[PDB]
Protein chains: 2
Amino acid sequence: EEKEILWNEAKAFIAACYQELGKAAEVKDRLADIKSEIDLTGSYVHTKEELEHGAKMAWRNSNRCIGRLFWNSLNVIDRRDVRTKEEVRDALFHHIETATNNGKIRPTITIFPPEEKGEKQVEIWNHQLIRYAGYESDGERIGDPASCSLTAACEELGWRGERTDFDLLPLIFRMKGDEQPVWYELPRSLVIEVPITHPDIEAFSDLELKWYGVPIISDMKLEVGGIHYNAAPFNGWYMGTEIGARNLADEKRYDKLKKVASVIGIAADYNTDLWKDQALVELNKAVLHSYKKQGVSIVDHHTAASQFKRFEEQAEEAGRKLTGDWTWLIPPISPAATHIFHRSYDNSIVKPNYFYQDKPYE
Amino acid sequence: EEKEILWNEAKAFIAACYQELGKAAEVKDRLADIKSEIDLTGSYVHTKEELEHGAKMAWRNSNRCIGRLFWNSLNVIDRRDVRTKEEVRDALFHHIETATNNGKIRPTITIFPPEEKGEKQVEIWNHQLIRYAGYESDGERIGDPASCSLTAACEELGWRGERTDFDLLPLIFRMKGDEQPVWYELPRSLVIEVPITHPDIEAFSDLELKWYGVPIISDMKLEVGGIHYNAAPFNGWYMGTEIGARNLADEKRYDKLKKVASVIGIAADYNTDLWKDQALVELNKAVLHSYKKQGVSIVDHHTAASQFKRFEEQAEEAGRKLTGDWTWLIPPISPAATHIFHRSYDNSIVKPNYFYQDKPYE
Ligand code: HEM
Ligand code: HEM
Ligand SMILES: CNCCN(C)c1cccc(CCc2cc(C)cc(N)n2)n1
Ligand SMILES: CNCCN(C)c1cccc(CCc2cc(C)cc(N)n2)n1
Ligand SMILES: [Cl-]
Ligand SMILES: [Cl-]
């Protein structure tokens, strides 16, 4: 069954990929090569062209992603050659540096060797390559609650956080053959962070808020033509609402709305004053202002939705079916102000794509 | 097939209704009475208790409605006795008066005779009993665009609007046997309206905005135990976002955000300033403030979601499955600030319920 699944996925991907690349005449011979390769080895190896276009198609097929207009300019780094934990570490350091690009963020994916018999070659434990630690002990909450379990797992391995609200977690990953992951502290020179200030309200800096520049998801599986790249971290630039309406605002994250209300000079006592909504708007204005002022890439949700509208138009013009997940495409601030809110989307799963996988901690 | 559908729906409804009312021992005899009644007449007649509880269950089963905590206090008015258009008109005038209750809004439904062989006895053309007219001619848009087709249909029948931005549409409905609906101007003494002002910004009144107090949906079908009450107008009180984030804000409705931005003293030039979000918050604050100041019932979306959370808890405690439509339950302002955003809902259809039906205009 395994090989049959692989071969069927392979035929569908190669046909589609080569058609898009204008190389349809080569499909037959390539498929023959593949079929024999599967027969002999139990798997097959993507050409660099297939891997690159496959990663791009996967992004294009990501139903929940509003940022898909730019799918074809994804920067794909082929690291299927890595064999050592130093090579992996250095490839991850390099991804951060090249994606960050001094603030002019480049959407990038680094692709490590794929699973073989479902056996992972490299297993990345981080949810994002750059993320803050979280702690909870004796009623005291410090840092990002979303990172509590990973933070505890790191501290089991000999790492120790300073217990600031913004401790950078180390990179942590496990190699095939090793029982325990290794961890490496992030060189701070690699990590751009942005202090949050407000364009009009000087007191906003009193909150001492900041966030990191580049979100780099490192725990999803890239699937291309039946091959499972469980380790393939990717990044874009932030949409401001992710920081201002979720990371800093959610009660189960940094939970800052009451403190925001206070610094902007409004009462936080009555639902009918809409103080939470007002605080959310000002926090989200501060986030965009701060990233722009520092020269770090960011997009606001209105511009992002406008770009997504163009992605819809491009899909129809290219004769491709559009798929989307309305519940994730609408922004968490003023969603009815975007065209997304007012239409529906087919939530069908198309491959290549990115998929969740089980955490090795928890 | 018709009678079989009716009989099956009847058995399911009577069993459930009588169980909830603690009258399960009476189910068998009542069902016998019903089965014979269907045999002889082709239909059956609800007792006043069944009709009342059926209307309440229907509201309780309305997946898209955040206001369902109060389903059991719905005020049901049985008008299955009406036969003349004057009786219908007067029943609709009465609904407005009793539901309005001098501003202390009472959720109310008035139930007219049901369809017989799919033949309607009374056909109400209004979408809501109280709504503003809309006009479009030679590039000029006046009033509420959502009412353009109904307004044109009214003016075909001899009505003429003053072409203000807030013309009250007449009541319009058709009786069985008549080819044309009749229309009746609404007595203004029956209609409470609220001028929109802002608690802090005096200039807000310069926009000369207002809205009506009571939303009374009059074009949905109530279905109870296989009986189709196509004419059964119902009302609640508004959630403020319906007025401030949709009716006055949508580009295809009153489209006021640019004018709001100007009166609150902010630029409306850059997406990254989040001027639309800021305008939406202030407009929505003004709406709540204005209804409260005038003593007209209204709920803000935070309080409404808190009530809905209690509805969820009540459902589990009563051993009833909960159904909901996430896409409609989340408010259009700060949805992630509500618990609704962070969970999922089973969107299954349970009867009794309210259903869309074809418009007789358009
Ligand atoms: C260029 C800037 C980008 C922006 C602003 C953006 C924005 C977003 C947002 C807001 C989400 C919603 C998920 C959440 O909030 O937790 C999302 C989902 C997603 N994005 Fe993007 N994205 C971008 C680039 C990328 C890239 C480069 C990839 C991969 C190559 C990608 C793949 C995805 C995937 C797979 C999801 C769904 C994750 C899930 O199911 O939980 N995005 N994106
Ligand atoms: C008491 C105050 C009430 C509030 C604040 C409320 C709020 C809402 C809101 C915001 C919607 C979303 C639909 C839209 O925005 O267009 C809705 C849907 C609905 N409500 Fe309520 N509601 C209330 C009372 C009632 C009552 C009394 C009934 C019937 C007895 C009812 C039946 C429904 C139905 C059937 C829908 C779905 C309509 C559709 O599918 O388009 N509601 N409600
Ligand atoms: C619902 N999403 C769960 C968390 N995961 C797996 C996830 C996956 C993709 C994107 C996100 C949001 C963080 C993010 C990532 C990227 C690549 C870009 C961006 N603007 N924001 N999160
Ligand atoms: C998506 N809804 C389409 C318009 N319809 C049919 C509809 C039906 C029920 C409720 C609404 C919103 C207006 C309304 C009605 C009622 C009874 C209460 C309320 N707060 N708001 N609209
Ligand atoms: Cl994030
Ligand atoms: Cl309305």
# chains A, B, ... in the order shown; residues from 1 in each chain; ligands from 1

call {"tool": "interface_residues", "arguments": {"of": "chain A", "to": "chain B", "cutoff": "8 Å", "atoms": "only C-alpha atoms", "output": "list in words"}}
result
residues 245, 246, 250, 271, 272, 273, 274, 276, 277, 278, 280, 281, 285, 288, 289, 299, 300, 302, 303, 327, 332, 333, 334, 335, 336 and 337 of chain A

call {"tool": "residues_near_ligand", "arguments": {"ligand": "ligand 2", "cutoff": "6 Å", "atoms": "only C-alpha atoms and all ligand atoms", "output": "JSON, numbers by chain"}}
result
{"B": [59, 62, 64, 65, 66, 67, 107, 234, 235, 236, 237, 238, 239, 328, 354]}

call {"tool": "residues_near_ligand", "arguments": {"ligand": "ligand 6", "cutoff": "7 Å", "atoms": "only C-alpha atoms and all ligand atoms", "output": "ChimeraX atom specification"}}
result
/B:215,242-243,247

call {"tool": "write_last_selection", "arguments": {"atoms": "N, CA, C and O atoms", "output": "short mmCIF file (atom, residue, chain, number, x, y, z; two decimals), in the first residue's frame"}}
result
data_model
loop_
_atom_site.label_atom_id
_atom_site.label_comp_id
_atom_site.auth_asym_id
_atom_site.auth_seq_id
_atom_site.Cartn_x
_atom_site.Cartn_y
_atom_site.Cartn_z
N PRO B 215 -35.69 45.69 15.27
CA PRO B 215 -35.61 44.91 14.03
C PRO B 215 -36.63 43.78 14.06
O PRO B 215 -36.59 42.94 14.97
N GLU B 242 -24.62 45.36 14.62
CA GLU B 242 -25.46 45.20 13.43
C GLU B 242 -25.70 46.55 12.80
O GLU B 242 -25.79 46.68 11.57
N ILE B 243 -25.79 47.57 13.65
CA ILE B 243 -26.04 48.93 13.21
C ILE B 243 -24.72 49.59 12.85
O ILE B 243 -24.56 50.13 11.75
N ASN B 247 -24.98 48.01 9.01
CA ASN B 247 -25.98 48.87 8.39
C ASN B 247 -25.45 50.26 8.02
O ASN B 247 -25.72 50.76 6.95
#

call {"tool": "residues_around", "arguments": {"residues": "region 139-142 of chain A", "least_positions_apart": "4", "cutoff": "12 Å", "atoms": "only C-alpha atoms", "output": "VMD selection string"}}
result
chain A and resid 132 to 135 146 to 148 151 161 to 167 251 to 255

call {"tool": "write_last_selection", "arguments": {"atoms": "N, CA and C atoms", "output": "compact mmCIF listing (two decimals), in the first residue's frame"}}
result
# COMPACT_ATOMS: atom_id res chain seq x y z
N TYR A 132 9.41 33.25 21.96
CA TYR A 132 9.73 33.51 23.37
C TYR A 132 9.30 32.37 24.27
N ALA A 133 10.10 32.15 25.32
CA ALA A 133 9.81 31.14 26.33
C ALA A 133 8.62 31.54 27.20
N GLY A 134 8.04 30.57 27.89
CA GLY A 134 6.92 30.83 28.77
C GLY A 134 7.07 29.99 30.01
N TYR A 135 6.68 30.54 31.16
CA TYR A 135 6.85 29.86 32.42
C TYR A 135 5.59 30.00 33.25
N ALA A 146 2.03 30.17 25.35
CA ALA A 146 1.98 29.21 24.26
C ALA A 146 3.25 28.36 24.22
N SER A 147 4.33 28.86 24.81
CA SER A 147 5.60 28.12 24.83
C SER A 147 5.91 27.33 26.10
N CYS A 148 4.95 27.22 27.03
CA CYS A 148 5.22 26.57 28.31
C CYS A 148 5.74 25.15 28.21
N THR A 151 9.21 25.05 26.57
CA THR A 151 10.16 25.65 27.50
C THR A 151 10.54 24.64 28.59
N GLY A 161 16.27 29.43 31.16
CA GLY A 161 15.87 30.75 30.73
C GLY A 161 16.11 31.77 31.83
N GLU A 162 16.32 33.03 31.43
CA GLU A 162 16.53 34.12 32.38
C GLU A 162 15.23 34.53 33.07
N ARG A 163 14.11 34.04 32.55
CA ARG A 163 12.78 34.34 33.09
C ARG A 163 12.40 35.81 32.99
N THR A 164 12.80 36.36 31.86
CA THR A 164 12.34 37.64 31.37
C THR A 164 11.03 37.31 30.62
N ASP A 165 10.24 38.30 30.21
CA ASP A 165 9.00 38.03 29.47
C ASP A 165 9.27 37.71 28.00
N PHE A 166 10.53 37.85 27.59
CA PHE A 166 10.93 37.70 26.20
C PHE A 166 12.25 36.92 26.07
N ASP A 167 12.38 35.81 26.79
CA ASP A 167 13.56 34.94 26.62
C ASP A 167 13.48 34.29 25.25
N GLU A 251 -6.05 36.58 25.96
CA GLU A 251 -5.94 36.33 27.41
C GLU A 251 -5.01 35.17 27.73
N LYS A 252 -4.87 34.23 26.79
CA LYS A 252 -3.99 33.09 26.98
C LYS A 252 -2.61 33.30 26.35
N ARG A 253 -2.34 34.52 25.90
CA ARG A 253 -0.99 34.89 25.45
C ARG A 253 -0.49 36.01 26.36
N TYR A 254 -0.08 37.14 25.80
CA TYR A 254 0.48 38.19 26.66
C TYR A 254 -0.56 39.04 27.39
N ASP A 255 -1.81 39.00 26.93
CA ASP A 255 -2.95 39.53 27.72
C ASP A 255 -2.79 41.02 28.09

call {"tool": "residues_around", "arguments": {"residues": "residue 325 (chain B)", "least_positions_apart": "3", "cutoff": "8 Å", "atoms": "only C-alpha atoms", "output": "PyMOL selection string"}}
result
chain B and resi 63-64+328-329+345-347

call {"tool": "select_by_dssp", "arguments": {"residues": "region 205-263 of chain A", "states": "strand (DSSP E)", "output": "short mmCIF file (atom, residue, chain, number, x, y, z; two decimals) with C-alpha atoms, in the first residue's frame"}}
result
data_model
loop_
_atom_site.label_atom_id
_atom_site.label_comp_id
_atom_site.auth_asym_id
_atom_site.auth_seq_id
_atom_site.Cartn_x
_atom_site.Cartn_y
_atom_site.Cartn_z
CA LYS A 210 8.38 44.20 21.82
CA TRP A 211 8.11 41.39 19.28
CA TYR A 212 10.48 39.58 16.92
CA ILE A 216 9.53 31.08 10.90
CA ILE A 217 7.24 28.02 11.22
CA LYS A 221 5.40 18.80 7.19
CA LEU A 222 5.82 19.74 3.53
CA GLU A 223 4.32 17.03 1.32
CA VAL A 224 5.26 17.00 -2.37
CA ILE A 227 7.47 12.62 -0.30
CA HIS A 228 7.28 13.79 3.32
CA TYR A 229 9.58 16.66 4.23
CA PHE A 234 9.40 28.50 6.23
CA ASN A 235 8.78 32.21 6.84
CA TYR A 238 3.89 39.33 9.71
CA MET A 239 0.41 40.67 9.20
#

call {"tool": "atom_distance", "arguments": {"atom1": "CA of residue 361 (chain A)", "atom2": "CA of residue 169 (chain A)"}}
result
14.7 Å

call {"tool": "select_by_dssp", "arguments": {"residues": "region 71-196 of chain B", "states": "helix (DSSP H, G or I)", "output": "PyMOL selection string"}}
result
chain B and resi 71-73+85-103+145-156+188-190

call {"tool": "residues_around", "arguments": {"residues": "region 349-352 of chain B", "least_positions_apart": "6", "cutoff": "10 Å", "atoms": "only C-alpha atoms", "output": "list in words"}}
result
residues 9, 12, 13, 17, 53, 54, 55, 56, 57, 58, 59, 60, 61, 62, 63, 222, 223, 224, 225, 226, 227, 321, 322, 323 and 324 of chain B

call {"tool": "residues_around", "arguments": {"residues": "residue 154 (chain B)", "least_positions_apart": "2", "cutoff": "12 Å", "atoms": "only C-alpha atoms", "output": "PyMOL selection string"}}
result
chain B and resi 125-126+133-135+147-152+156-161+168-173+180-185+361
